[PDB]
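Novice: I am sharing structure-v7.cif, which consists of mmCIF, C-alpha atoms:
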```cif
data_final
loop_
_atom_site.label_atom_id
_atom_site.label_comp_id
_atom_site.auth_asym_id
_atom_site.auth_seq_id
_atom_site.Cartn_x
_atom_site.Cartn_y
_atom_site.Cartn_z
CA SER A 1 71.32 45.99 -57.77
CA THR A 2 72.38 49.37 -56.47
CA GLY A 3 74.29 50.84 -53.55
CA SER A 4 74.26 54.25 -51.86
CA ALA A 5 76.71 55.38 -49.19
CA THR A 6 77.38 58.71 -47.52
CA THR A 7 80.91 60.11 -47.78
CA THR A 8 82.15 62.48 -45.08
CA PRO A 9 85.06 64.94 -45.01
CA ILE A 10 87.87 63.87 -42.68
CA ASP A 11 88.52 67.40 -41.44
CA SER A 12 87.41 71.02 -41.69
CA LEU A 13 89.31 71.56 -44.95
CA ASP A 14 87.84 68.63 -46.91
CA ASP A 15 91.36 67.18 -47.24
CA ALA A 16 89.75 63.86 -48.12
CA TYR A 17 86.47 61.97 -47.72
CA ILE A 18 85.77 58.66 -45.98
CA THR A 19 83.00 56.22 -46.76
CA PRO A 20 82.03 53.25 -44.55
CA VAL A 21 82.68 49.84 -46.12
CA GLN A 22 81.62 46.45 -44.74
CA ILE A 23 84.29 43.73 -45.10
CA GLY A 24 83.97 40.09 -44.11
CA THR A 25 81.58 37.96 -42.07
CA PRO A 26 80.50 39.15 -39.58
CA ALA A 27 80.93 42.61 -41.09
CA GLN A 28 83.97 44.65 -40.14
CA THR A 29 83.27 48.29 -40.99
CA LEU A 30 86.25 50.33 -42.13
CA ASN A 31 86.21 53.95 -43.34
CA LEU A 32 87.86 54.02 -46.75
CA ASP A 33 89.03 56.79 -49.06
CA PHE A 34 87.24 56.20 -52.38
CA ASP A 35 89.82 57.02 -55.02
CA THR A 36 88.91 57.32 -58.72
CA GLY A 37 92.64 57.79 -59.39
CA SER A 38 93.80 54.31 -58.29
CA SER A 39 92.63 50.73 -58.51
CA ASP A 40 93.58 48.90 -55.30
CA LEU A 41 91.25 48.24 -52.36
CA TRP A 42 93.68 48.11 -49.46
CA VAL A 43 93.20 48.24 -45.72
CA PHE A 44 94.95 48.63 -42.43
CA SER A 45 94.88 45.15 -40.95
CA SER A 46 95.99 42.80 -38.22
CA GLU A 47 99.07 42.26 -40.41
CA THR A 48 100.11 45.93 -40.49
CA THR A 49 103.42 46.67 -38.70
CA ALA A 50 102.22 47.73 -35.25
CA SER A 51 104.36 50.89 -35.10
CA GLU A 52 102.66 52.06 -38.32
CA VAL A 53 99.14 51.86 -36.90
CA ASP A 54 97.96 54.91 -34.94
CA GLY A 55 94.21 54.96 -34.39
CA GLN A 56 92.94 53.31 -37.58
CA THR A 57 90.36 50.56 -37.53
CA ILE A 58 91.92 47.35 -38.81
CA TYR A 59 90.59 44.43 -40.83
CA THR A 60 91.34 41.07 -39.18
CA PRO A 61 90.91 38.31 -41.79
CA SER A 62 91.17 35.55 -39.17
CA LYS A 63 87.88 36.80 -37.66
CA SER A 64 86.04 36.61 -41.00
CA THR A 65 84.49 33.27 -41.94
CA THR A 66 84.48 34.29 -45.61
CA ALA A 67 88.11 35.48 -45.85
CA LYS A 68 90.49 33.38 -47.94
CA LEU A 69 94.17 34.03 -48.48
CA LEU A 70 94.85 34.66 -52.15
CA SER A 71 97.90 32.45 -52.13
CA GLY A 72 101.10 33.98 -53.43
CA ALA A 73 99.59 37.37 -54.20
CA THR A 74 101.32 40.57 -53.13
CA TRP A 75 100.75 44.25 -53.82
CA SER A 76 102.72 47.47 -53.59
CA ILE A 77 101.57 50.95 -54.54
CA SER A 78 103.02 54.45 -54.67
CA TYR A 79 100.78 57.48 -54.96
CA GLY A 80 101.28 60.85 -56.60
CA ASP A 81 101.81 62.53 -53.23
CA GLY A 82 104.74 60.22 -52.48
CA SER A 83 102.88 58.00 -50.02
CA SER A 84 102.92 54.19 -50.32
CA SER A 85 101.75 50.87 -48.90
CA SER A 86 102.22 47.16 -49.56
CA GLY A 87 101.26 43.72 -48.34
CA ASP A 88 99.43 40.51 -49.20
CA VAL A 89 95.88 39.73 -50.36
CA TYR A 90 92.68 38.06 -49.19
CA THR A 91 89.39 37.62 -50.97
CA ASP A 92 86.32 38.41 -48.92
CA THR A 93 82.79 39.80 -49.10
CA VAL A 94 82.71 43.59 -49.43
CA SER A 95 79.58 45.75 -49.25
CA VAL A 96 79.20 49.45 -49.94
CA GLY A 97 75.89 51.13 -49.18
CA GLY A 98 73.94 47.89 -49.47
CA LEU A 99 75.71 46.65 -52.64
CA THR A 100 77.57 43.39 -52.05
CA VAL A 101 80.48 41.87 -53.96
CA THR A 102 81.65 38.38 -53.09
CA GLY A 103 85.26 37.35 -53.79
CA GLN A 104 86.58 40.92 -53.76
CA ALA A 105 90.36 41.27 -53.48
CA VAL A 106 91.05 42.95 -50.14
CA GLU A 107 94.68 43.99 -50.03
CA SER A 108 96.01 43.71 -46.50
CA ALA A 109 98.73 46.21 -45.61
CA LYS A 110 101.89 44.92 -44.01
CA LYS A 111 103.56 48.32 -44.41
CA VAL A 112 102.22 51.84 -44.86
CA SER A 113 104.11 55.13 -45.22
CA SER A 114 104.08 57.84 -42.56
CA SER A 115 101.34 59.89 -44.24
CA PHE A 116 98.91 57.01 -43.78
CA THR A 117 99.96 56.24 -40.22
CA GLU A 118 99.55 59.90 -39.30
CA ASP A 119 95.98 60.04 -40.59
CA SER A 120 93.92 58.16 -38.00
CA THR A 121 90.70 58.79 -39.91
CA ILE A 122 91.49 56.78 -43.08
CA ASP A 123 91.44 52.98 -42.67
CA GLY A 124 92.45 52.33 -46.28
CA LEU A 125 91.60 53.11 -49.90
CA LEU A 126 88.99 51.81 -52.30
CA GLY A 127 90.17 52.30 -55.86
CA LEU A 128 87.71 53.20 -58.62
CA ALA A 129 90.00 53.79 -61.59
CA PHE A 130 90.35 51.09 -64.23
CA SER A 131 91.47 47.63 -63.14
CA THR A 132 94.48 47.78 -65.51
CA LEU A 133 96.17 49.90 -62.77
CA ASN A 134 95.65 47.33 -60.02
CA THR A 135 99.02 46.40 -58.48
CA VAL A 136 98.37 42.82 -57.35
CA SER A 137 101.01 40.39 -58.58
CA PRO A 138 101.23 37.84 -60.19
CA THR A 139 97.48 37.91 -60.90
CA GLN A 140 96.02 41.41 -61.32
CA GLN A 141 92.74 41.92 -59.47
CA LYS A 142 89.55 43.79 -60.29
CA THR A 143 88.17 46.86 -58.54
CA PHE A 144 84.99 46.76 -56.48
CA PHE A 145 83.17 48.58 -59.33
CA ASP A 146 84.46 46.19 -61.99
CA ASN A 147 83.30 43.20 -59.90
CA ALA A 148 79.88 44.77 -59.21
CA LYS A 149 79.29 46.07 -62.73
CA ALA A 150 77.38 43.19 -64.28
CA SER A 151 74.98 43.07 -61.32
CA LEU A 152 74.27 46.80 -61.30
CA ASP A 153 71.02 48.18 -62.72
CA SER A 154 73.21 50.49 -64.85
CA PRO A 155 77.03 50.22 -65.15
CA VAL A 156 77.73 53.55 -63.46
CA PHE A 157 78.74 55.11 -60.19
CA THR A 158 78.35 58.75 -59.18
CA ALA A 159 80.32 61.07 -56.92
CA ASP A 160 78.50 63.87 -55.16
CA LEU A 161 81.07 65.38 -52.81
CA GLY A 162 80.09 68.05 -50.31
CA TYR A 163 81.76 71.36 -49.54
CA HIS A 164 82.44 71.25 -45.81
CA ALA A 165 79.59 68.72 -45.66
CA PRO A 166 78.79 65.07 -46.29
CA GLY A 167 77.96 63.82 -49.77
CA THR A 168 77.15 60.57 -51.53
CA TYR A 169 78.60 57.81 -53.67
CA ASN A 170 75.93 55.87 -55.58
CA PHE A 171 76.42 52.66 -57.54
CA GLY A 172 74.18 51.45 -60.31
CA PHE A 173 71.84 54.44 -60.70
CA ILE A 174 71.73 58.18 -61.36
CA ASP A 175 69.80 60.12 -58.68
CA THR A 176 67.96 62.71 -60.77
CA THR A 177 67.13 64.71 -57.61
CA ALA A 178 70.80 65.27 -56.79
CA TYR A 179 71.65 67.82 -59.50
CA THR A 180 70.19 70.82 -61.29
CA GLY A 181 69.78 71.20 -65.05
CA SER A 182 71.16 68.50 -67.32
CA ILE A 183 74.20 66.20 -67.18
CA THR A 184 76.80 66.87 -69.88
CA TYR A 185 78.75 63.80 -70.94
CA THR A 186 82.26 63.89 -72.32
CA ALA A 187 84.65 61.31 -73.77
CA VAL A 188 87.07 59.31 -71.64
CA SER A 189 90.40 57.80 -72.55
CA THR A 190 91.34 54.72 -70.53
CA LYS A 191 94.81 54.49 -72.09
CA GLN A 192 96.54 55.47 -68.83
CA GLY A 193 94.05 53.60 -66.61
CA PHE A 194 92.38 56.80 -65.38
CA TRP A 195 89.08 58.59 -65.92
CA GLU A 196 90.90 60.89 -68.32
CA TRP A 197 88.95 63.55 -70.20
CA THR A 198 89.42 66.93 -71.90
CA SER A 199 87.97 70.11 -70.46
CA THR A 200 87.01 72.74 -73.02
CA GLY A 201 88.46 75.69 -71.11
CA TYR A 202 88.21 77.98 -68.11
CA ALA A 203 87.25 81.36 -66.69
CA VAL A 204 88.52 83.26 -63.66
CA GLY A 205 85.85 85.00 -61.64
CA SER A 206 83.54 87.07 -63.84
CA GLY A 207 86.14 87.00 -66.62
CA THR A 208 85.60 85.86 -70.17
CA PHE A 209 85.80 82.16 -70.92
CA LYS A 210 89.01 80.95 -72.56
CA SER A 211 88.42 78.10 -74.98
CA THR A 212 91.33 75.71 -74.66
CA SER A 213 91.66 71.93 -74.35
CA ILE A 214 92.86 70.75 -70.94
CA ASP A 215 93.46 66.99 -70.66
CA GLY A 216 93.18 65.70 -67.11
CA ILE A 217 91.82 63.06 -64.76
CA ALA A 218 88.78 63.01 -62.51
CA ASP A 219 90.38 62.00 -59.23
CA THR A 220 88.38 61.86 -56.02
CA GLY A 221 91.52 60.81 -54.13
CA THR A 222 93.35 64.08 -54.82
CA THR A 223 92.40 67.08 -52.67
CA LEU A 224 93.21 69.98 -54.97
CA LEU A 225 92.80 71.12 -58.57
CA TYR A 226 96.06 70.82 -60.51
CA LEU A 227 96.18 72.63 -63.85
CA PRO A 228 98.77 73.99 -66.30
CA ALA A 229 100.97 76.78 -64.97
CA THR A 230 99.52 79.27 -67.45
CA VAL A 231 95.97 78.68 -66.16
CA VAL A 232 97.02 78.75 -62.51
CA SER A 233 99.01 81.97 -62.95
CA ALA A 234 95.97 83.60 -64.59
CA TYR A 235 93.84 82.61 -61.55
CA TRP A 236 96.19 83.81 -58.81
CA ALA A 237 96.97 87.07 -60.65
CA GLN A 238 93.42 88.09 -59.68
CA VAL A 239 94.17 87.77 -55.95
CA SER A 240 96.09 90.70 -54.48
CA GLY A 241 99.23 89.46 -52.75
CA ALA A 242 99.08 85.88 -54.02
CA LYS A 243 102.36 84.28 -54.97
CA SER A 244 103.99 80.94 -55.62
CA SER A 245 106.18 79.94 -52.70
CA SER A 246 108.85 77.31 -53.30
CA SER A 247 109.31 76.99 -49.52
CA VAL A 248 105.64 76.26 -48.87
CA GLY A 249 105.19 74.17 -52.01
CA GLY A 250 102.72 76.16 -54.10
CA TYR A 251 100.57 79.23 -54.36
CA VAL A 252 99.71 81.02 -51.16
CA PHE A 253 97.54 84.07 -50.66
CA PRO A 254 96.68 86.52 -47.89
CA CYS A 255 94.08 85.00 -45.58
CA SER A 256 92.31 88.38 -45.74
CA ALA A 257 91.50 87.84 -49.44
CA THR A 258 88.17 87.20 -51.05
CA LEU A 259 88.87 84.54 -53.66
CA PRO A 260 87.33 84.65 -57.14
CA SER A 261 85.45 81.66 -58.52
CA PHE A 262 86.96 79.39 -61.16
CA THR A 263 84.91 77.94 -64.01
CA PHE A 264 85.85 74.88 -66.07
CA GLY A 265 84.28 73.71 -69.31
CA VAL A 266 82.62 70.36 -69.94
CA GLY A 267 81.70 70.44 -73.61
CA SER A 268 79.51 73.51 -74.01
CA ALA A 269 78.57 73.37 -70.31
CA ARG A 270 80.25 75.17 -67.42
CA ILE A 271 80.98 74.13 -63.83
CA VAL A 272 81.59 76.96 -61.39
CA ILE A 273 83.87 76.43 -58.39
CA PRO A 274 83.04 79.10 -55.79
CA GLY A 275 85.99 81.03 -54.45
CA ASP A 276 85.51 79.66 -50.94
CA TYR A 277 86.20 76.13 -52.24
CA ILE A 278 89.71 77.27 -53.21
CA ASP A 279 90.64 78.31 -49.64
CA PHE A 280 92.69 75.69 -47.77
CA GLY A 281 93.40 77.83 -44.79
CA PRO A 282 96.54 78.93 -42.95
CA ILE A 283 99.77 77.25 -44.08
CA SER A 284 100.52 76.68 -40.41
CA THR A 285 98.44 77.29 -37.31
CA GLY A 286 97.94 81.02 -36.74
CA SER A 287 99.54 82.11 -40.03
CA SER A 288 98.01 84.87 -42.13
CA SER A 289 99.31 83.13 -45.26
CA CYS A 290 96.69 80.75 -46.68
CA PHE A 291 97.19 77.79 -49.02
CA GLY A 292 95.52 77.83 -52.43
CA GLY A 293 93.24 75.11 -53.75
CA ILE A 294 94.31 75.57 -57.37
CA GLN A 295 97.93 74.61 -57.97
CA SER A 296 100.24 73.98 -60.91
CA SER A 297 100.44 70.51 -62.42
CA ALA A 298 103.88 71.26 -63.86
CA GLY A 299 106.14 68.42 -62.82
CA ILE A 300 103.23 66.07 -62.01
CA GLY A 301 102.95 65.12 -65.66
CA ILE A 302 99.15 65.20 -65.66
CA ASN A 303 96.37 67.65 -64.87
CA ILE A 304 94.17 66.54 -61.97
CA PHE A 305 90.55 67.49 -61.42
CA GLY A 306 90.62 66.68 -57.72
CA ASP A 307 88.08 67.29 -54.98
CA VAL A 308 88.16 71.09 -55.33
CA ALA A 309 86.71 70.70 -58.85
CA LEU A 310 84.61 67.59 -58.38
CA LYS A 311 82.78 68.80 -55.27
CA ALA A 312 81.34 71.65 -57.38
CA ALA A 313 79.50 69.07 -59.51
CA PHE A 314 77.46 65.91 -59.61
CA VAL A 315 79.78 63.53 -61.44
CA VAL A 316 78.84 60.39 -63.35
CA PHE A 317 81.48 57.73 -63.91
CA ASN A 318 79.92 55.75 -66.74
CA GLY A 319 81.55 52.33 -67.04
CA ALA A 320 79.67 51.24 -70.14
CA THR A 321 81.65 49.41 -72.84
CA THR A 322 82.82 52.84 -74.02
CA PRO A 323 83.25 54.74 -70.76
CA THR A 324 82.32 58.41 -70.42
CA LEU A 325 82.15 61.07 -67.71
CA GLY A 326 79.14 63.26 -66.97
CA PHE A 327 79.06 66.54 -65.06
CA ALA A 328 76.08 68.49 -63.79
CA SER A 329 75.75 71.53 -61.61
CA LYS A 330 74.04 71.03 -58.24
#
```
Kindly present the structure from the file in C-alpha cells form.

Specialist:
Amino acid sequence: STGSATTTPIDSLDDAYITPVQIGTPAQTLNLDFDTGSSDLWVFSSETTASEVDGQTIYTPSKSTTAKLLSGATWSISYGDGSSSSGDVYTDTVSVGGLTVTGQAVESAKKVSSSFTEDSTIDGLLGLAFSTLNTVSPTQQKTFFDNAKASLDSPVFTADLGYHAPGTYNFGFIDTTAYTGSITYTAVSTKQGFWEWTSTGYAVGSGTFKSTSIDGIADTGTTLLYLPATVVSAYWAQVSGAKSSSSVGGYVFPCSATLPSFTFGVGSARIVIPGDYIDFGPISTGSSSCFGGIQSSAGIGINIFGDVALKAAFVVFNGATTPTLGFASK
C-alpha cells in the first residue's frame, strides 16, 4: 500500500503545516501537524476542556462506530517550545492520503496548553519519530508509520514541504518526479528516539564551505533551523544590522535586508536554503525589525533541522531495519 497527502502552511510565514487525516467511521477529518520530532497522535476532542477549544475541529469518539476506549491508558506530553497536552486514549481507524491503519492509538486531549488553544488551524499532532518516544502509559503505543510499515510497498515516508506553498507527505514510495538530481542518504541514530543525523558542514551565502560535523534532528514539527552558536553567529554576521536580542528571544535583522542563503552538507552533497526562507517577518505588526529563521540551539541541548531546512529539500525518512535519512534538492 501507499498514501499521499497534501500538507499546507497554516499562515503566511510557514509557521507550521497541516495535513488532513481521516479518523473513525464515518470519517472525521482533522487537520494535523505531522511531527517527525514526536511520537504521539493526539487530537482535540469532545473530551477537551471547553475553555481550551477555540475554533479547532474536534474528534468525537462516541460518533465513531470503530472507536474503542483503550482502557486505563493515559498520555501527557511536553514539547520543546514549552507547550503541552494530555488525556486518555482510543483506538480507531486512521487514514492518511488513502493509506489506512486499523487499531491506531488516537490520543484524546482532555487538556491542552494555551499555544494550542490559540492556534485554531491545528486540530492535533501526528507523530512520526520513533515509537520509543510515545507517551502512552502503562502500555506504550506505536506511531501511524510504525503501524503502517509492514503493509507499505517500501518502509519509508517522505516530506516535501513547500516554501509559502503546499507540499506533500508520501507513505510507502519515493516519487522520483519530486526532486532533482540524486538522493543522498546518511546514517541515523535512534538512540534518543529521533531522526538524528550528522551534517557534514555549512556555508553562508557564496562563502566557502566549512567542513564540520553537526549532529541534529530532522524535525518537521519545528519551524526554524537551530544550530550551534558559532554557526549562527557566522550567518548573521553577514547581515548588516543583525543582532541577537534577549528581549525578543533570538536574532533579529533589519526588514530592509537581503538575506544570504545558507547551505548545509549531507555527506558530499549540499542543500541550499535560499535567503528568503530565513525571513520570518516583523517581530510585531508594523515593526521594521524582522525575526530570523536561523537561531542558536544553545540551551536547547540539540540541533534541530526544522522546516526552514527541510523545506529546501525532498526528504526521505527510511524506516528500514537500519533507518537512514535521504536528502535531495528540488

Novice: Taking a cut-off of 9 Å and counting all atoms listed in the file, can you build a table that, for each residue of stretch 6-36 of chain A near stretch 64-78 of chain A, reports the nearest atom pair and how far apart they are in Å (one decimal), sorted by chain then residue number, as CSV?

Specialist:
```
residue,atom,partner,partner_atom,distance
A:23,CA,A:64,CA,8.4
A:24,CA,A:64,CA,5.1
A:25,CA,A:64,CA,4.8
A:26,CA,A:64,CA,6.3
A:27,CA,A:64,CA,7.9
A:28,CA,A:64,CA,8.3
```

Novice: Need the shell around residue A:314: protein/DNA/RNA residues with any atom at most 9 Å away, counting all atoms listed in the file. Skip same-chain ones fewer than 5 positions apart. Format as an mmCIF file with C-alpha atoms, in the frame of the given file?

Specialist:
```
data_model
loop_
_atom_site.group_PDB
_atom_site.id
_atom_site.type_symbol
_atom_site.label_atom_id
_atom_site.label_comp_id
_atom_site.auth_asym_id
_atom_site.auth_seq_id
_atom_site.Cartn_x
_atom_site.Cartn_y
_atom_site.Cartn_z
ATOM 1 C CA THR A 158 78.350 58.750 -59.180
ATOM 2 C CA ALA A 159 80.320 61.070 -56.920
ATOM 3 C CA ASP A 160 78.500 63.870 -55.160
ATOM 4 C CA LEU A 161 81.070 65.380 -52.810
ATOM 5 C CA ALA A 178 70.800 65.270 -56.790
ATOM 6 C CA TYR A 179 71.650 67.820 -59.500
ATOM 7 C CA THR A 180 70.190 70.820 -61.290
ATOM 8 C CA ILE A 183 74.200 66.200 -67.180
ATOM 9 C CA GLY A 326 79.140 63.260 -66.970
ATOM 10 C CA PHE A 327 79.060 66.540 -65.060
ATOM 11 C CA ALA A 328 76.080 68.490 -63.790
ATOM 12 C CA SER A 329 75.750 71.530 -61.610
ATOM 13 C CA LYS A 330 74.040 71.030 -58.240
#
```

Novice: What is the atom CA of residue A:91 to atom CA of residue A:172 distance in Å?

Specialist: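 Separation between atom CA of residue A:91 and atom CA of residue A:172: 22.6 Å.
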
Novice: Which residues are close to residue A:267, i.e. within 9 Å by only C-alpha atoms, leaving aside same-chain residues fewer than 5 positions away? Reply as a VMD selection string.

Specialist: chain A and resid 184 to 186 198 to 201

Novice: Pull out every residue that the PyMOL selection byres ((chain A and resi 222-228) around 7) matches in the shown coordinates and put them as a PDB file with C-alpha atoms, in the coordinates of the input.

Specialist:
```pdb
ATOM      1  CA  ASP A  15      91.360  67.180 -47.240  1.00  0.00           C
ATOM      2  CA  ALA A  16      89.750  63.860 -48.120  1.00  0.00           C
ATOM      3  CA  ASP A 219      90.380  62.000 -59.230  1.00  0.00           C
ATOM      4  CA  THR A 220      88.380  61.860 -56.020  1.00  0.00           C
ATOM      5  CA  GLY A 221      91.520  60.810 -54.130  1.00  0.00           C
ATOM      6  CA  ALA A 229     100.970  76.780 -64.970  1.00  0.00           C
ATOM      7  CA  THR A 230      99.520  79.270 -67.450  1.00  0.00           C
ATOM      8  CA  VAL A 231      95.970  78.680 -66.160  1.00  0.00           C
ATOM      9  CA  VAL A 232      97.020  78.750 -62.510  1.00  0.00           C
ATOM     10  CA  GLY A 293      93.240  75.110 -53.750  1.00  0.00           C
ATOM     11  CA  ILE A 294      94.310  75.570 -57.370  1.00  0.00           C
ATOM     12  CA  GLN A 295      97.930  74.610 -57.970  1.00  0.00           C
ATOM     13  CA  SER A 296     100.240  73.980 -60.910  1.00  0.00           C
ATOM     14  CA  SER A 297     100.440  70.510 -62.420  1.00  0.00           C
ATOM     15  CA  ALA A 298     103.880  71.260 -63.860  1.00  0.00           C
ATOM     16  CA  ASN A 303      96.370  67.650 -64.870  1.00  0.00           C
ATOM     17  CA  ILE A 304      94.170  66.540 -61.970  1.00  0.00           C
ATOM     18  CA  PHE A 305      90.550  67.490 -61.420  1.00  0.00           C
ATOM     19  CA  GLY A 306      90.620  66.680 -57.720  1.00  0.00           C
ATOM     20  CA  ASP A 307      88.080  67.290 -54.980  1.00  0.00           C
ATOM     21  CA  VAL A 308      88.160  71.090 -55.330  1.00  0.00           C
ATOM     22  CA  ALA A 309      86.710  70.700 -58.850  1.00  0.00           C
TER      23      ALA A 309
END
```

Novice: Could you list, as a PDB file with C-alpha atoms, in the coordinates of the input, every residue matched by the PyMOL selection byres ((chain A and resi 132) around 10) in this structure?

Specialist:
```
ATOM      1  CA  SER A  38      93.800  54.310 -58.290  1.00  0.00           C
ATOM      2  CA  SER A  39      92.630  50.730 -58.510  1.00  0.00           C
ATOM      3  CA  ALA A 129      90.000  53.790 -61.590  1.00  0.00           C
ATOM      4  CA  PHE A 130      90.350  51.090 -64.230  1.00  0.00           C
ATOM      5  CA  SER A 131      91.470  47.630 -63.140  1.00  0.00           C
ATOM      6  CA  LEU A 133      96.170  49.900 -62.770  1.00  0.00           C
ATOM      7  CA  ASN A 134      95.650  47.330 -60.020  1.00  0.00           C
ATOM      8  CA  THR A 135      99.020  46.400 -58.480  1.00  0.00           C
ATOM      9  CA  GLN A 140      96.020  41.410 -61.320  1.00  0.00           C
ATOM     10  CA  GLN A 141      92.740  41.920 -59.470  1.00  0.00           C
ATOM     11  CA  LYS A 142      89.550  43.790 -60.290  1.00  0.00           C
ATOM     12  CA  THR A 143      88.170  46.860 -58.540  1.00  0.00           C
ATOM     13  CA  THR A 190      91.340  54.720 -70.530  1.00  0.00           C
ATOM     14  CA  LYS A 191      94.810  54.490 -72.090  1.00  0.00           C
ATOM     15  CA  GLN A 192      96.540  55.470 -68.830  1.00  0.00           C
ATOM     16  CA  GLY A 193      94.050  53.600 -66.610  1.00  0.00           C
ATOM     17  CA  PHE A 194      92.380  56.800 -65.380  1.00  0.00           C
TER      18      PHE A 194
END
```

Novice: In terms of the shortest atom-to-atom distance over all atoms listed in the file, which of A:155, A:3, A:124, A:61 is closest to residue A:101?

Specialist: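 Once distances to residue A:101 are computed over all atoms listed in the file, the minimum belongs to A:3.
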
Novice: Applied to this file, what does the PyMOL selection byres ((chain A and resi 46) around 9) return in terms of residues, put as a JSON list (two decimals) with C-alpha atoms, in the coordinates of the input?

Specialist:
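Written file, selection-v9.json:
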```json
[["chain", "number", "residue", "atom", "x", "y", "z"],
["A", 44, "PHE", "CA", 94.95, 48.63, -42.43],
["A", 45, "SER", "CA", 94.88, 45.15, -40.95],
["A", 47, "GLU", "CA", 99.07, 42.26, -40.41],
["A", 48, "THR", "CA", 100.11, 45.93, -40.49],
["A", 49, "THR", "CA", 103.42, 46.67, -38.70],
["A", 50, "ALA", "CA", 102.22, 47.73, -35.25],
["A", 58, "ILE", "CA", 91.92, 47.35, -38.81],
["A", 59, "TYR", "CA", 90.59, 44.43, -40.83],
["A", 60, "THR", "CA", 91.34, 41.07, -39.18],
["A", 61, "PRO", "CA", 90.91, 38.31, -41.79],
["A", 62, "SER", "CA", 91.17, 35.55, -39.17],
["A", 108, "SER", "CA", 96.01, 43.71, -46.50],
["A", 109, "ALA", "CA", 98.73, 46.21, -45.61],
["A", 110, "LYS", "CA", 101.89, 44.92, -44.01]]
```

Novice: Pick out the closest residue to residue A:270 from this set: A:202, A:144, A:317, A:251. Count only C-alpha atoms.

Specialist: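 Using only C-alpha atoms, the shortest distance to residue A:270 belongs to A:202.
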
Novice: What does the distance from atom CA of residue A:120 to atom CA of residue A:56 come to in Å, to one decimal?

Specialist: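 Taking atom CA of residue A:120 and atom CA of residue A:56, their separation equals 5.0 Å.
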
Novice: Closest to residue A:274 among A:209, A:253, A:169, A:163, using all atoms listed in the file?

Specialist: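 For residue A:274, the nearest of the given residues is A:163.
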
Novice: Which value, in Å to one decimal, gives the distance between atom CA of residue A:164 and atom CA of residue A:11?

Specialist: 8.4 Å

Novice: Pick out the closest residue to residue A:99 from this set: A:21, A:218, A:320, A:53. Count only C-alpha atoms.

Specialist: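 Using only C-alpha atoms, the shortest distance to residue A:99 belongs to A:21.
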
Novice: Fix up stretch 92-103 of chain A with N, CA, C and O atoms, then write it as a PDB file, in the frame of the given file.

Specialist:
```pdb
ATOM      1  N   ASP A  92      87.354  38.406 -49.942  1.00  0.00           N
ATOM      2  CA  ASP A  92      86.320  38.410 -48.920  1.00  0.00           C
ATOM      3  C   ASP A  92      85.098  39.143 -49.491  1.00  0.00           C
ATOM      4  O   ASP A  92      85.143  39.729 -50.593  1.00  0.00           O
ATOM      5  N   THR A  93      84.010  39.105 -48.738  1.00  0.00           N
ATOM      6  CA  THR A  93      82.790  39.800 -49.100  1.00  0.00           C
ATOM      7  C   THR A  93      82.895  41.264 -48.698  1.00  0.00           C
ATOM      8  O   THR A  93      83.243  41.581 -47.548  1.00  0.00           O
ATOM      9  N   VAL A  94      82.607  42.154 -49.644  1.00  0.00           N
ATOM     10  CA  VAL A  94      82.710  43.590 -49.430  1.00  0.00           C
ATOM     11  C   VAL A  94      81.392  44.219 -49.829  1.00  0.00           C
ATOM     12  O   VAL A  94      80.897  43.964 -50.926  1.00  0.00           O
ATOM     13  N   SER A  95      80.838  45.066 -48.963  1.00  0.00           N
ATOM     14  CA  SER A  95      79.580  45.750 -49.250  1.00  0.00           C
ATOM     15  C   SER A  95      79.740  47.240 -49.057  1.00  0.00           C
ATOM     16  O   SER A  95      80.367  47.690 -48.093  1.00  0.00           O
ATOM     17  N   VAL A  96      79.178  47.996 -49.988  1.00  0.00           N
ATOM     18  CA  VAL A  96      79.200  49.450 -49.940  1.00  0.00           C
ATOM     19  C   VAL A  96      77.760  49.899 -50.087  1.00  0.00           C
ATOM     20  O   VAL A  96      77.152  49.682 -51.126  1.00  0.00           O
ATOM     21  N   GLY A  97      77.210  50.525 -49.063  1.00  0.00           N
ATOM     22  CA  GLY A  97      75.890  51.130 -49.180  1.00  0.00           C
ATOM     23  C   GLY A  97      74.816  50.144 -49.579  1.00  0.00           C
ATOM     24  O   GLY A  97      73.897  50.512 -50.305  1.00  0.00           O
ATOM     25  N   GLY A  98      74.921  48.896 -49.118  1.00  0.00           N
ATOM     26  CA  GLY A  98      73.940  47.890 -49.470  1.00  0.00           C
ATOM     27  C   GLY A  98      74.248  47.040 -50.700  1.00  0.00           C
ATOM     28  O   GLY A  98      73.533  46.081 -50.970  1.00  0.00           O
ATOM     29  N   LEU A  99      75.284  47.401 -51.450  1.00  0.00           N
ATOM     30  CA  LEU A  99      75.710  46.650 -52.640  1.00  0.00           C
ATOM     31  C   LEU A  99      76.826  45.715 -52.255  1.00  0.00           C
ATOM     32  O   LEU A  99      77.848  46.171 -51.724  1.00  0.00           O
ATOM     33  N   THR A 100      76.648  44.420 -52.514  1.00  0.00           N
ATOM     34  CA  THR A 100      77.570  43.390 -52.050  1.00  0.00           C
ATOM     35  C   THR A 100      78.311  42.728 -53.209  1.00  0.00           C
ATOM     36  O   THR A 100      77.700  42.296 -54.199  1.00  0.00           O
ATOM     37  N   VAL A 101      79.633  42.644 -53.067  1.00  0.00           N
ATOM     38  CA  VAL A 101      80.480  41.870 -53.960  1.00  0.00           C
ATOM     39  C   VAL A 101      81.089  40.722 -53.179  1.00  0.00           C
ATOM     40  O   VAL A 101      81.710  40.942 -52.144  1.00  0.00           O
ATOM     41  N   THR A 102      80.930  39.503 -53.668  1.00  0.00           N
ATOM     42  CA  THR A 102      81.650  38.380 -53.090  1.00  0.00           C
ATOM     43  C   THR A 102      82.974  38.164 -53.860  1.00  0.00           C
ATOM     44  O   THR A 102      83.093  38.483 -55.045  1.00  0.00           O
ATOM     45  N   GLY A 103      83.972  37.640 -53.169  1.00  0.00           N
ATOM     46  CA  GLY A 103      85.260  37.350 -53.790  1.00  0.00           C
ATOM     47  C   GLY A 103      86.086  38.575 -54.151  1.00  0.00           C
ATOM     48  O   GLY A 103      86.949  38.506 -55.025  1.00  0.00           O
TER      49      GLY A 103
END
```
